[PDB]
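A look at the structure
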Amino acid sequence: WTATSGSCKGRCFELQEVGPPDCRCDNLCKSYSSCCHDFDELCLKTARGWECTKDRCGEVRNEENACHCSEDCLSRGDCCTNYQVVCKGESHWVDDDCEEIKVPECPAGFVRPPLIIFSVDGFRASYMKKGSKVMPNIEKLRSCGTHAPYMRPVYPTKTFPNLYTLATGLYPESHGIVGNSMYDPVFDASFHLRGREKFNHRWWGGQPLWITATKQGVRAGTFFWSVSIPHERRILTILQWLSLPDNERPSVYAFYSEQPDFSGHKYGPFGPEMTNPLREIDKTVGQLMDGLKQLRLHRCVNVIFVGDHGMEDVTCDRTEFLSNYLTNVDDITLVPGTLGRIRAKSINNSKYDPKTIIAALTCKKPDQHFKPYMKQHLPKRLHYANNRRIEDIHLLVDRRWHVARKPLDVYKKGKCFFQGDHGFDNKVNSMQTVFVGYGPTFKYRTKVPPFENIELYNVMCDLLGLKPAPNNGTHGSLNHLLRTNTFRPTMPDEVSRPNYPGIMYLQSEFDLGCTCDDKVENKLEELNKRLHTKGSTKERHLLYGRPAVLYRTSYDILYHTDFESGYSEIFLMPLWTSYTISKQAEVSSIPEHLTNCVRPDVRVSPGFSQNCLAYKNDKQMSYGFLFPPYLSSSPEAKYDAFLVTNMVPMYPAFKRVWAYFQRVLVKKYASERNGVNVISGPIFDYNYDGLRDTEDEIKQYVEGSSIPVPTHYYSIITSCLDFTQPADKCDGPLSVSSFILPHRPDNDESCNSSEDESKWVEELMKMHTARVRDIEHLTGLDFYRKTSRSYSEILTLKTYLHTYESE
Ligand SMILES: *[C@@H]1O[C@H](CO)[C@@H](O[C@@H]2O[C@H](CO)[C@@H](O[C@@H]3O[C@H](CO[C@H]4O[C@H](CO)[C@@H](O)[C@H](O[C@H]5O[C@H](CO)[C@@H](O)[C@H](O)[C@@H]5O[C@H]5O[C@H](CO)[C@@H](O)[C@H](O)[C@@H]5O)[C@@H]4O)[C@@H](O)[C@H](O[C@H]4O[C@H](CO)[C@@H](O)[C@H](O)[C@@H]4O[C@H]4O[C@H](CO)[C@@H](O)[C@H](O)[C@@H]4O)[C@@H]3O)[C@H](O)[C@H]2NC(C)=O)[C@H](O)[C@H]1NC(C)=O
Ligand SMILES: O=C(Cc1ccc(Cl)c(Cl)c1)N1CCc2ncnc(Cc3ccc(F)cc3)c2C1
Ligand SMILES: [Ca+2]
Ligand SMILES: [Ca+2]
Ligand code: NA
Ligand code: NA
Ligand SMILES: [Zn+2]
């Protein structure tokens, strides 16, 4: 119930939301059908449109008008945005030359530069260049301010997850808005674009910027706008709020445009009909900036122009139907479109089996345009699993395609409406969106590399003097965007110090069931091999210092000629193995006599070692090595690679991947990058939360043993950004690529896996590309502790994702 017979007189776009049944006058009242009876008359005035003209200049104030051209409008804060231009001979903001804003130039009583977020729905990154001729205000923001060539959204690349990620700094799995449509089985409730369940606060987790601000004494404009409030009125409302007295005036504001997404769905991302909505958005930016100029705030406010996601060409004819794969299609519920999520239609159906659904969807058609996954097997870079609102079965849809349950769903929702959609994998080029920052706190005429939208919350907090709530950004990684207000983090403190074991065990103390043909025997070289075991080559193989262990554990540093490792006494294998391969390095084979060689490590007790007999008896599990024997520096150094302390558990199907990486790809990268440093290791994430598992969370061991089975294997591959310098003698910035490969007992993910590894392994690794920060979370390790570089620069490096998309 609403008693809509209250009034909006003096309450138009009030900031505090009043409680039912009392009627409302705020920017969401329309969405709730709760506005007071006189809201349209008083708060949505339209008379005479949005622009002054010469004949209105100095008019007598008429309070029916949408905006004002009368002499008193400036002091009232309600002039049309073109008032000074039409009536006082001033220029539009866009026609003024760019001049660096070295310091805020703010009116008396401003405590801090305000922040205005200008968010555009469906604004694909390439519109900045492709539409630049019809967007002159946006182009001035972009060229005069700080911009990225693009900004990466989160997955799924849908509106609500991405706008709420912008506001929170959180992955969708953590904030809880995991799609535009959702079912929460604990609540037994559904969230939809249409309707009323989406208003309940239990959907919306984390802490959005407006709450963060309010909690710390900073006032916030409301970030949401009911669809029927015209854009011109949204802008005039912001400008009116900016004229409030100092004690009442918000410091942070957002504008939201439904364009160009709305037209992009109908016309495609580059439809000829797209020119007009891009023009109209630019006009709106112009209104804002002209309005700020009238208030003398154009060199005071920080403005962020940001999109939520891009837009791809998608049509009804590019739809895959689950009815063409599954016999039992009426036993499932599908969340359809540009991603798929499947669950049982009835929780009472005990014949529902996800294994059989996954199998019926795997590599069935030669050009199949989606791939099924248990959510825990999705690329870790997506961070899309750890929420009960994410169904166990996920379909990753190829760009340009849709998935649906049955054909009747697509023509009874038989011709086609739409030409554009989004939601795909967030590394897809067409899903990338925009970022521009303009203002005193941003840099002048500065291009920055692409970054992820999860990082902006921290920066917006920095722009407002707020302490961010706990989030998934890496605070400091965007310091290079800012003139001032940088956040200067310290490196985390190492929690566990390593042991440095010497030779403490005799060979005969080991009963590991291992054998090695190594009984093959000099004082020149004897001292020399001892030196290697004490760390004499470590400067070459450990280039950025040893990783810091950020949790409590027992581990040993093991040195060798060709590699260094941090060996866990708890997990019976390395946490990390580091080695450098020069451009000139040669690949060799595993000699015949060493094919099955595993050697006891006399620095590590039998009790903290793996054993070969476990692998013999586990018919499912084999082993591999972290430092690859193929890249040994000499026949004698090769023996080190067969130490039991370099061994890790590997399914034979995974060994195909791993061996190709080690034998072929590492050397290829060293040739292309002028040497690489590699750090490899295991990851255990059995509860798919993106964070390192403790010992008691491990669900699988090598049969009969205490040797835990990794869920994934990582590698971090670092070289010199200036590739004329070798990786091991680099004076300047670094370049990195990394992966987190799922450790799976089949290659069902790769439909072409019966072919030679040269046709499928590298494609797999690109899909599972990762940020160093992703690996940090998953291992509790902190990398790049000892470089010549600034810590902020290193944080940027750690957040880099190598995407393997072209321009
Ligand atoms: C990205 O950044 C975020 C934010 O930093 C990281 O997420 C944090 O991760 C922490 C560890 O996983 C987690 O800490 C836990 O907090 C519990 C209290 O949580 C509530 O309060 C906080 C603070 O206000 C609030 O933010 C939480 O909000 C979540 O839950 C509500 C639903 O009620 C949602 O609205 C909201 O969207 C959010 O959901 C997300 O997080 C939860 C997990 O909290 C997931 O289940 C969801 O799927 C979703 O992803 C909460 O309202 C606290 O109780 C936990 O403590 C347990 O574990 C510790 C281990 O040290 C143990 O010592 C304790 O005993 C305790 O265990 C007991 O409970 C167990 C389970 O019932 C039981 O098994 C035991 O036997 C014990 O009885 C824990 O400390 C923190 O909440 C989240 N924060 C958020 C906002 O998500 C995230 O990790 C980052 N991601 C990456 C990849 O780095
Ligand atoms: O205003 C809207 C349309 C809208 C209208 C009425 C209702 Cl009843 C609802 Cl629910 C939505 N929307 C779109 C969805 C959305 N999802 C999450 N956050 C926001 C706010 C926001 C704005 C800018 C920004 F950079 C970050 C966040 C937004 C903003
Ligand atoms: Ca959107
Ligand atoms: Ca985990
Ligand atoms: Na075996
Ligand atoms: Na396969
Ligand atoms: Zn859309």
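Positions along each chain are numbered from 1 by the written sequence. They may not match the entry numbering, and residues without coordinates are not shown. Here the convention is simple: chains get letters from A, ligands get numbers from 1, in the order in which they are written. For side-chain calculations, the full set of non-hydrogen atoms in the structure is used, while hydrogens and water are omitted. Residues with missing side-chain atoms are left out of burial classes, side-chain pairs and their counts.

The record names X-ray crystallography as the way this model was obtained, at a resolution of 1.7200 Å.

A word on the coordination of the calcium ion (ligand 4). Because water is not among the atoms used, a metal site may look incomplete, as its donors are only the N, O and S atoms within 2.8 Å, or 3.2 Å for Na, K and Ca. Protein ligation of the calcium ion (ligand 4) involves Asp685 (OD), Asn687 (OD1), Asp689 (OD), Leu691 (O) and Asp693 (OD), the donor distances falling in the range 2.2 to 2.4 Å. One chain supplies every donor for the calcium ion (ligand 4), spaced along it as D-x1-N-x1-D-x1-L-x1-D. The exposure class assigned to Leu691 is partly exposed, which follows from its relative accessible area of 44%. Buried means the residue's accessible area, taken with a 1.4 Å probe over protein chains only, is under 20% of the maximum for its type, while exposed means over 50%, and partly exposed covers the values in between.

As a further point, take the coordination of the calcium ion (ligand 3). Coordination of the calcium ion (ligand 3) by the protein is provided by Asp121 (OD), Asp121 (OD), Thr159 (OG1), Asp308 (OD) and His309 (NE2), with metal-donor distances spanning 1.9 to 3.0 Å. In the primary structure, the donors to the calcium ion (ligand 3) are separated according to the pattern D-x37-T-x148-D-H.

It is worth spelling out the pairing of strand β10 (residues 332-335) at this point. Note: β10 against strand β11 (residues 339-344), four bridges, orientation antiparallel. Across the sheet, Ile332 pairs through a bridge with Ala344, a residue of β11. Linkage of β10 to β11, two consecutive antiparallel strands, is achieved through a turn of three residues, within which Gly337 is found at a positive phi near 115 degrees. What makes two strands pair is DSSP finding at least two bridges between them. Going along the chain from the N terminus, every DSSP run of H or I of four or more residues is numbered as a helix, and every run of E of two or more is numbered as a strand.

Quick look at the sheet that holds strand β28 (residues 769-770) now. If you trace the seven strands from one edge of the open sheet to the other, you get β20-β21-β22-β25-β26-β27-β28, paired in antiparallel fashion. The open sheet terminates on both sides in strands that have one partner only, identified here as β20 (555-559) and β28. Examined bridge by bridge, strand β25 (residues 676-683) and strand β26 (residues 712-720) share seven bridges and lie antiparallel to one another. Residue pairing in the sheet places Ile683 in a bridge with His712 of β26. Contact definition: two residues touch when any of their heavy atoms are within 4.5 Å. Axes here mean lines fitted to C-alpha atoms, for a helix over just the part in contact, with angles spanning 0 to 180 degrees between N-to-C directions. The sheet contacts of helix α21 (residues 772-779) involve β25, β26, β27 (734-742) and β28, and relative to β27 the element is tilted by about 50 degrees.

Glancing now at the UniProt feature "binding site: Zn(2+) 2" in the protein chain. Sequence positions flagged by UniProt for "binding site: Zn(2+) 2" are, in local numbering, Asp261, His265 and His422. Within the secondary structure, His265 is located in helix α10 (residues 261-267). Setting aside its immediate chain neighbours within four residues, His265 contacts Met311, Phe418, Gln419, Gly420, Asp421 and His422. The topology assignment puts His422 in the loop between β15 (420-421) and β16 (435-438). UniProt positions are given in the numbering used here, feature names are shortened, and annotations may be inferred rather than shown by experiment.

With 58 residues, the main nonpolar core has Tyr579, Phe654, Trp658, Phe661, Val666, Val676 and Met765 as its most contacted residues. Top element by residues in this core is helix α19 (residues 652-673). It accounts for nine residues. If we ignore the near neighbours within four places in the chain, the residues touching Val666 are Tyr579, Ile581, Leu631, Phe661, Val676 and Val678. Joining through side-chain atoms within 4.5 Å is the link that ties buried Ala, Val, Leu, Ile, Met, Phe, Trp, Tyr and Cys residues into a set, and such a set is a nonpolar core. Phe39, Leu141, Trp225 and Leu297 belong to the second largest nonpolar core, which has 51 residues in total.

A word on the side chain of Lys427. Tracing the backbone shows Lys427 in the loop between β15 and β16. Discounting chain neighbours no more than four positions away, the residues touching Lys427 are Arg381, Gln432, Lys766, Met767, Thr803 and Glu805.

Moving on, we come to the site of ligand 2. When we say a residue is near a molecule or strand, we mean one of its heavy atoms is within 4 Å of it. Lining the immediate environment of ligand 2, one finds 14 residues, of which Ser31, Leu163, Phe199, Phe224 and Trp225 sit closest. Here the open area of atoms and residues is found with the Shrake-Rupley method and a 1.4 Å probe, where only the protein chains shown may cover a residue. Notes on ligand 2: free accessible area 620 Å², of which the protein chains cover 93%. Per-element tally for the shell around ligand 2: the top contributor is helix α6 (residues 159-168), with three residues. A breakdown of the residues in the shell around ligand 2 according to their chemical character gives 11 nonpolar, two polar and one charged. Basically, the charged four are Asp, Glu, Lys and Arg, the nonpolar ten are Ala, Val, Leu, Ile, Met, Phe, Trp, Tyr, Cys and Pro, and anything else, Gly included, counts as polar.

Next up on the list: the site of ligand 1. Around ligand 1, the structure places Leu170, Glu173, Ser174, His175, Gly205, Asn386, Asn387, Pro470, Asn471, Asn472, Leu691 and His777. Within the contact set of ligand 1, an oxygen atom lies 2.7 Å away from a backbone nitrogen or oxygen of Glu173. A 3.5 Å cut-off defines polar contacts: any pair of N or O atoms within that distance qualifies, except that in protein one atom must be a possible hydrogen donor and the other a possible acceptor, and neighbouring residues in sequence count only when both atoms are side-chain atoms. Separating an oxygen atom of ligand 1 from a backbone N or O atom of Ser174 is a distance of 2.7 Å. Coverage of ligand 1 by the protein chains reaches 33% of its 1500 Å² of free accessible surface. Ranked by residues supplied to the shell around ligand 1, first place goes to helix α7 (residues 172-175) with three residues.

One speaks of a salt bridge when a side-chain nitrogen belonging to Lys or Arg is within 4 Å of a carboxyl oxygen belonging to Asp or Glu. Under the defined criterion, the tally for this structure stands at 49 salt bridges. Residues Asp184 and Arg389 are paired through a salt bridge, measuring 2.9 Å at the closest nitrogen-oxygen approach. With a gap of 205 residues between them, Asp184 in strand β4 (residues 182-184) and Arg389 in the loop between β12 (370-374) and β13 (393-397) connect regions that are remote in the sequence. Both residues of the pair, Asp184 and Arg389, count as buried. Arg381 serves as the salt-bridge partner of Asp425, at 2.7 Å between the closest nitrogen and oxygen. Just as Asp425 is buried, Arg381 falls in that class too. Residues joined in a network through salt bridges with shared partners are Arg61, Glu63, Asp72, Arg76 and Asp78.

Moving on: the sheet that holds strand β6 (residues 252-260). Strands sit in the order β6-β1-β7-β16-β2-β17 across an open sheet of six strands; the sheet is mixed. With partners counted over all chains shown, the strands left at the sheet margins are β6 and β17 (446-447), one partner each. For strand β1 (residues 115-121) and strand β7 (residues 302-307), the ladder comprises six bridges, and the chain directions are parallel. Note that in β7 the partner of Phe118 across the bridge is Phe305. This element, helix α9 (residues 231-242), spans β1 and β6 of the sheet and lies at about 170 degrees to β6.

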